[PDB]
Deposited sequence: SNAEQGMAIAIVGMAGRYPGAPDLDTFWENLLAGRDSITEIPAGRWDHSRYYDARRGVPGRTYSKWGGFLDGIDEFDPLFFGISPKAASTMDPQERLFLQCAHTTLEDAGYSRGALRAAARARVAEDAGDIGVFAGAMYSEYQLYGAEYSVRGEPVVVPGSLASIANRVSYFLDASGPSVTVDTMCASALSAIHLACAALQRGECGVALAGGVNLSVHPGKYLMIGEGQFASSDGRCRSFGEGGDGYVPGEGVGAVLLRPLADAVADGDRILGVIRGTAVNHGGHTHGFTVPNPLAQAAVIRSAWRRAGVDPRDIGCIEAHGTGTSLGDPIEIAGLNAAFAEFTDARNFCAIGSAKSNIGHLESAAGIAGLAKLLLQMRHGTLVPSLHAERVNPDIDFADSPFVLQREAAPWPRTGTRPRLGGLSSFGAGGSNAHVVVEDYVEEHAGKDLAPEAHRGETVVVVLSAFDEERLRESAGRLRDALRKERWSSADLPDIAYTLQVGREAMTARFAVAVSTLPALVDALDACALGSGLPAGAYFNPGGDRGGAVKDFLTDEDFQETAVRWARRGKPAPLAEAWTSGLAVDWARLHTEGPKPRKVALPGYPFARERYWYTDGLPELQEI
């Protein structure tokens, strides 16, 4: 049966991919997003040296990097701009990730709490937050400054990553940051699923964050020789002699499947089972254990109640290590061997070949790739493995290394089944089992839009306009779009409302608002009785309600949709202000 935990929303920010849609495009095109160290971060010429193991140097100069990790919208989160400057970028980016995930799920803060609270006991929490992270590097800058100047305070609390989200969301569930290194994100998901199953909270936000903000990490992988000579993760490829670090922030909104189905939530997939263990005493602290990996994979399978023969795809750890890669396959082989003797039926690959080793966030990026493959029914290439690692025999294995884009066909009406592994360098292992889900036309709707100020509002109109021009959208989607923007967004200061019945009309109105030109009739803008107006709107006269709402009137939009409720759909998230904050702000040179 499984623990039946539904995924009702997701957000992701990965190298070369500001959002999940872009991430899929990169994955589909087999794009390599690895680059050299951005000059803005630090002067890497002070540390680079091609000779392995040189003291005070590093032979790696590559990485999977995000763009503008110092960009943040503190006013949006009720954080003072002064506080933002000394606040760990990981906390900042996870805050923005958390919000985007709620918007993808089609939930406002208040709505999410209400939906969660109804499913658990009185004194049980509503929303839980489980974050995975392993580095506190921002802290180091403050110390480097304080020694040769005036002492500056730069906090290094990993708990803040989860705690600030809980604070912002007004969440009352468990608020936990976990560190199991590379397996952190998957460990967070594991604990989140356990909390939901146990009834500790109604919904749970689970994810991971990992940034490369300091050169120290590179001096470390250089000394320990963990870094690859070519700055690539050759997942199961020949010549892989280490990994390349990558940046990333991701999260999922988790919920018991029954509750999601009953609430008409989007369902991006279902977590059937999770498992967590440790490699024990191997021949070295950072030496992986194939038997432990096999055990955690089987444990997740048993908890999921699945038949491993049906597994269509495995998203592997695949860091591109001399010892690690063959060990991982050995672990997987031992796992499958306890159930079937079948060969070459399962696909395998790693996103790390695309975006690098995201470490504490590797699992959430991996989950994204897996869910996206199922969503589009397409298996994506795994890079840097034109010739496979000589130590690995895929011919005598359950697997076939995915090296070309290919269709992932559904067997009958049976859900596509996938597996996801993440193995911490310190020995902590994790495996997650997921499967996908199987389940007023033409009328005038009222499309609503709000943001912090006028500029952000017109920005939202533009991004929504650009989205609704894509091929997937038609006029038949208008009831879903309107519903999502009503009950799935926060009613903010600057507001925009328009009554439309066709999609091209909505696009025109959005374009007008975005460009600040003249608005049509039935459209209302504001830079910043209900019972009567809602009855009117339910009778097909929504203009007085829309105009009143734009003027600032609070509106319980749910009252409008009490035959069948429209579907929540994926719409563009809030356009955060991109102002730069760093610890050197205000400090003398």
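Subject >> Deposited-sequence ranges lacking C-alpha coordinates, in sequence order >> reply: Several stretches lack coordinates - namely 1-4, 444-454, 544-558, 593, 621-624, in sequence order.
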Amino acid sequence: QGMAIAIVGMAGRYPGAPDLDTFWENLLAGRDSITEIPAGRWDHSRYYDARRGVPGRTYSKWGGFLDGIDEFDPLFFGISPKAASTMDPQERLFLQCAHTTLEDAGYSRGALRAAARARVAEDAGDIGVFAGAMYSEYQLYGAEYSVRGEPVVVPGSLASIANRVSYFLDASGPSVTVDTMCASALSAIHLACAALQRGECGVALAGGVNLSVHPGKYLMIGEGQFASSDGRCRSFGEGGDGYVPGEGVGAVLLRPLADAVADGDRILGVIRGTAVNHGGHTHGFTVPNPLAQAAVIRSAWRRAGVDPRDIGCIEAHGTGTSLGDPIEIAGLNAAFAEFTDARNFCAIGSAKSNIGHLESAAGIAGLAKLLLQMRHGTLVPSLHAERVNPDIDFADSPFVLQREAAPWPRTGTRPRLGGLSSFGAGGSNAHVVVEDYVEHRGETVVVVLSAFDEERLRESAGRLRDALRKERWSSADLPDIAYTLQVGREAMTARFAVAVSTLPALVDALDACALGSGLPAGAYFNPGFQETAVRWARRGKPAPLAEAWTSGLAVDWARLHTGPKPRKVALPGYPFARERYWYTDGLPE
From here on, numbers count along this sequence of modelled residues.
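**OP:** Report the stretch with the higher mean CA temperature factor, choosing between 188-196 and 482-490 on the basis of the entry.
**Re:** Result: 482-490.
Original post:
For the stretches 368-376 and 407-415, which has the higher mean C-alpha B-factor as given in the deposited record?
Top reply: It is 407-415.
Original post:
Out of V213, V252, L420, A118, which shows the largest CA B-factor listed in the entry?
Top reply: Among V213, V252, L420, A118, the highest C-alpha B-factor in the entry belongs to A118.
Subject >> C-alpha B-factor winner, where the candidates are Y141, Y218, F399, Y243 >> reply: Top of the list by C-alpha B-factor: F399.
**OP:** Give the position of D263 by CA B-factor within its chain, expressed as the lowest, middle or highest third.
**Re:** Tercile = highest for this residue's CA B-factor.
Subject >> Relative C-alpha B-factor of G56, binned into the chain's lowest, middle or highest third >> reply: Middle third - that is where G56 ends up once the chain's C-alpha B-factors are sorted.
**OP:** Place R458 in the lowest, middle or highest third of its chain's C-alpha B-factors, as listed in the PDB entry.
**Re:** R458: CA B-factor falls in the middle third of its chain.
**OP:** Tell me, lowest, middle or highest third: where does the Cα B factor of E531 rank within its chain?
**Re:** It falls in the top third of the chain.
**OP:** Taking the values exactly as deposited, rank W557 by C-alpha B-factor within its chain and report the matching third: lowest, middle or highest.
**Re:** Highest third, going by the recorded CA B-factors of the chain.
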